[PDB]
Amino acid sequence: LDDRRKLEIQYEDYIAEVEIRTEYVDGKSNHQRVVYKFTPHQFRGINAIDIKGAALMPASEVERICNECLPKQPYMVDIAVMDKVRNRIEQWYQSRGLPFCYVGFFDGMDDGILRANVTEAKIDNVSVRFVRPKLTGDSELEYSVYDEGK
Amino acid sequence: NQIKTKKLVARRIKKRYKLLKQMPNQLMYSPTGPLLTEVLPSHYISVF
Amino acid sequence: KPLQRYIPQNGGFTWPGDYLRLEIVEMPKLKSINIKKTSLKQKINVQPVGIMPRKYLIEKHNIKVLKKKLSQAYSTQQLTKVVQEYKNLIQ
């Protein structure tokens, strides 16, 4: 019971159904094997993968990461390969600094293509705030906020 | 006290937003109660 | 709406015990390799396979009803024996 609860609660984005059963390996003995059967969330038809956006990432490796993530049969495809695709792309940006460049959403899904969309943000507004704290015997600091520094 | 903790556990199983955000297009998360019957008479759809 | 009648029918294009299994369904067929992708003429409008699981919990309800019934009669000293014999007769 607790194995089923822990496995169902740990990977709820990918599996969400585990059934566990036991069966005796031999008569006149209490030894028995236990089997775990998972039915993952499936997605009913994905043939191709496309990556859109991403004007900073060159075409030399988008091709190889689209080639790596391919399944074999088109008809019953698990959700988690979706989570594999962005796990490439995010990592690439996280290897190059860039903490605001991420895979936003997938917009294909009706013509059989899984199409990731990459969002790349840019700086718009720079603002400065002037604060000072106050010395008391309290553990929490209160502040005096100014629009302009002295 | 045990009842209040069980209500928090029930919220985590039933209204989990990481599953709610992807329910149009990636998953199927619908609000139902417990399953009451396994078999119904065939003309039940006439109530709709 | 005119309500529908639940009468078994006879005849058909098949002998009884069979259905029409070469009937055409508007639903696409995907090849294993896609390259230079364009689009699909017939789309897959409902893409997720929805298998949210609910169990039938009749035995748990019966145990809870048994506890309530022998708590109403002010005899919870009988609880372990009665619940144990009900669980034995489940087997």
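Going by the header, the method for this PDB entry is cryo-EM, and the resolution given is 2.50 Å.

Trainee: What exactly am I supposed to notice about the pairing of strand β5 (residues 113-120) of chain A here?
Mentor: Within a regular beta strand, the side chains point alternately toward one face of the sheet and then the other, so they alternate between its two faces. Residue and element names in this part refer to chain A. Sheet topology note: the strand β3 (residues 48-53)/β5 ladder contains six bridges and is parallel. Its bridge partner lying in β5, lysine 52 is registered against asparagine 117. Hairpin connection from strand β4 (residues 101-106) to β5: six residues lie between these consecutive antiparallel strands, with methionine 109 at a positive phi of about 75°.

Trainee: I'm lost on a nonpolar patch on the surface in this one. Help?
Mentor: Together, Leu40, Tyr44, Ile45, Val47 and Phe48 of chain B together with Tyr6 of chain C line one region of the surface with nonpolar side chains, adding up to about 700 Å² of accessible area. Within the secondary structure, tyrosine 6 of chain C sits in the segment before α1 (58-72).

Trainee: Got a minute to help me understand helix α3 (residues 80-94) of chain A in this structure?
Mentor: Since the α-helix turns once every 3.6 residues, residues separated by three or four places project in the same direction. Residues and elements named next belong to chain A. With 15 residues, α3 ought to run about 21 Å at 1.5 Å a step, and its terminal C-alpha atoms sit 21 Å apart, in line with that. Taken as a whole, α3 has its buried residues at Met82, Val85, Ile89, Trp92 and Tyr93. Each buried residue of α3 lies within a common arc of 105° when the element is viewed along its axis, so the set occupies one face. Each element contacted by the buried residues of α3 is listed here: β3, α2 (59-68), β4 and β5.

Trainee: Teacher, can you tell me more about the interface of chain C and chain A here?
Mentor: The accessible area lost on association of the parts is a frequent measure of interface size. Of the residues lining the interface, 20 residues belong to chain C; the matching set on chain A comes to 21 residues. Here chain C and chain A share an interface that buries about 1800 Å² over both sides, 50% of which is from carbon and sulfur atoms. It is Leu30, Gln47 and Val49 of chain C that lose the most area in chain C upon contact with chain A, and together they represent 35% of the buried surface on that side. Linking chain C with chain A are two salt bridges. The shortest N-O distance in the salt bridge between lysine 43 of chain C and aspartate 110 of chain A comes to 4.0 Å. Across the chain C-chain A interface, the total number found is nine residue pairs in polar contact. Looking at the side of chain C that touches chain A, its residues break down into ten nonpolar, five polar and five charged.

Trainee: Would you mind going over the interface of chain C and chain B with me for this structure?
Mentor: On the side of chain B, 14 residues touch chain C, which itself brings seven residues to the contact. The largest per-residue losses of area from chain C upon contact with chain B belong to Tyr6, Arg54 and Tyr56 of chain C, which jointly make up 56% of the total buried on that side. Counting across the interface, chain C meets chain B through two residue pairs in polar contact.

Trainee: When you look at the packing of α1 of chain C against helix α2 (residues 79-90) of chain C in this model, what are you seeing that I'm missing?
Mentor: Helix-helix packing: each pair is described by the crossing angle between the helix axes and the interaxial distance. Residues and elements named next belong to chain C. It is at 10 Å that the axes of α1 and α2 come closest, and there the two elements cross at 155°. With respect to α2, the axis of α1 lies roughly antiparallel. Considering the relative orientation of α1 and α2, their crossing is right-handed. For the pair α1 and α2, the contacting residues are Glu59, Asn62, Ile63, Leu66, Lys67 and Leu70 in the first and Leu79, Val82, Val83, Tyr86, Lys87 and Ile90 in the second. Of the residues that constitute the contact of α1 with α2, the class distribution is eight nonpolar, one polar and three charged.

Trainee: Explanation requested: empty space enclosed by the protein in the structure shown.
Mentor: Unfilled space is identified by rolling a water-sized probe across the atoms. Residues and elements named next belong to chain A. Counted under the stated rule, the structure contains two cavities of 30 Å³ or more. Each pocket or cavity is described by its volume, and for the largest cavity that value is around 40 Å³. Together, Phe43, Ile46, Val77, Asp78, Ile79, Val81, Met82 and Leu114 line the largest cavity. Considering the residues around the second largest cavity, the lining is formed by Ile46, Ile49, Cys69, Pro71, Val77, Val81, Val85 and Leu114.

Trainee: Explanation requested: the nonpolar core in the structure shown.
Mentor: Across soluble globular proteins, you tend to see nonpolar side chains buried next to one another. Grouped together as the largest cluster of nonpolar side chains are 27 residues, with contacts concentrated most on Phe43, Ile51, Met57, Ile89, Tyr93, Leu114 and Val118 of chain A. For this core, the elements supplying multiple residues, two or more each, are β3, α2, α3, β4 and β5 of chain A. Per-element accounting of this core gives the leading share, five residues, to α3 of chain A. Ignoring sequence-local partners within four residues, the contact set of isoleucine 51 of chain A consists of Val62, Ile65, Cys66, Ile89, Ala116 and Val118 of chain A. One finds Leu66, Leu70, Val82 and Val83 of chain C within the second-largest nonpolar core, a separate group that totals five residues.

Trainee: Sorry, what's going on with helix α1 (residues 2-14) of chain B here?
Mentor: Between the first and last C-alpha of α1 of chain B there are 18 Å, a value that for 13 residues agrees with the 18 Å anticipated at 1.5 Å per step. In terms of burial, α1 of chain B is largely open, as just zero of its 13 residues are buried.

The rules behind each value
- Residues numbered from 1 in each chain as written, not as in the entry; some residues may be left out.
- Chains lettered and ligands numbered in written order.
- Part of a larger assembly, values for the part shown.
- Heavy atoms only, no water.
- Pairing = 2+ DSSP bridges.
- Helix = DSSP H or I, 4+ residues; strand = E, 2+ residues; numbered from the N terminus.
- Patch = residues over 30% accessible without salt bridge, like charges linked within 9 Å, V, L, I, M, F, W, Y side chains within 5 Å.
- Areas by Shrake-Rupley, 256 points an atom, 1.4 Å probe, with all protein chains shown as cover.
- Salt bridge = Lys/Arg side-chain N within 4 Å of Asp/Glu carboxyl O.
- Expected span 1.5 Å × (residues − 1).
- Buried < 20%, exposed > 50% of the residue type's maximum accessible area, 1.4 Å probe, protein only.
- Arc of directions from axis to C-beta.
- Contact = heavy atoms within 4.5 Å.
- Buried area = accessible area lost by both parts, 1.4 Å probe.
- Polar contact = N/O pair within 3.5 Å; in protein donor to acceptor, adjacent residues only side chain to side chain.
- Nonpolar A, V, L, I, M, F, W, Y, C, P; charged D, E, K, R; others polar.
- Axes fitted to C-alpha atoms, helices over the stretch in contact; angles between N-to-C directions.
- Parallel < 35°, antiparallel > 145°, perpendicular 65-115°, else oblique.
- Left-handed = near helix turned anticlockwise from the far one by under 90°.
- 1 Å grid on protein atoms, 1.4 Å probe; cavity = no way out; pocket = protein on both sides within 12 Å on 5 of 7 lines; lining within 4 Å.
- Points joined across faces, edges and corners; volume = space filled by probe spheres on them.
- Core = buried A, V, L, I, M, F, W, Y, C linked by side-chain atoms within 4.5 Å.

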